[PDB]
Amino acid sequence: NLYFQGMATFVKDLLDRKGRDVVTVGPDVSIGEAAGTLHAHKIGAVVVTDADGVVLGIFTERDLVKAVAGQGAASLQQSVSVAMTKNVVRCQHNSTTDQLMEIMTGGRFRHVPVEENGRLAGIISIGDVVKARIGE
């Protein structure tokens, strides 16, 4: 496939518009507090990192639902580590908004962390992708 210049087609482009920052929680935070962080920052996702900066996993509103479905009130006390998804799929600065959609559709998740040089460098969400395919 082949693309033109400044049509918001690449991950690098989306980052320039929205921002490079990522909100994170540590692994020993409880489920109930991860949810409180979701709400104060108005986001659907938080990346789980350790003392040293390693990505451990990813927790979203959808993990919240599964947790309470299965174990009710008690699950708010449990550590974010038992509900989070450990195998985290990523993209690169040069990934395209087309690939991204196919990853999100096929894998059935809505958040993709951006990597470069083994580093965490931002996060792209389905709502970013969608806005890009309109805003001009």
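Numbering starts at 1 and runs along the sequence shown.
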Averaging the C-alpha temperature factors as deposited, the higher value of 121-129 versus 9-17 falls on 9-17
Can you tell me which of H111, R62, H93, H39 has the highest Cα temperature factor in the record? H93
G70, C-alpha B-factor rank within chain (lowest, middle or highest third): lowest
Which third, lowest, middle or highest, does the C-alpha temperature factor of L76 belong to within its own chain? highest
Test of reading the entry: by CA B factor among the chain's modelled residues, which third contains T49? highest
Lowest, middle or highest third of the chain for the C-alpha temperature factor of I31? middle
Using the temperature factors of the C-alpha atoms in this entry, rank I43 within its chain: lowest, middle or highest third. lowest
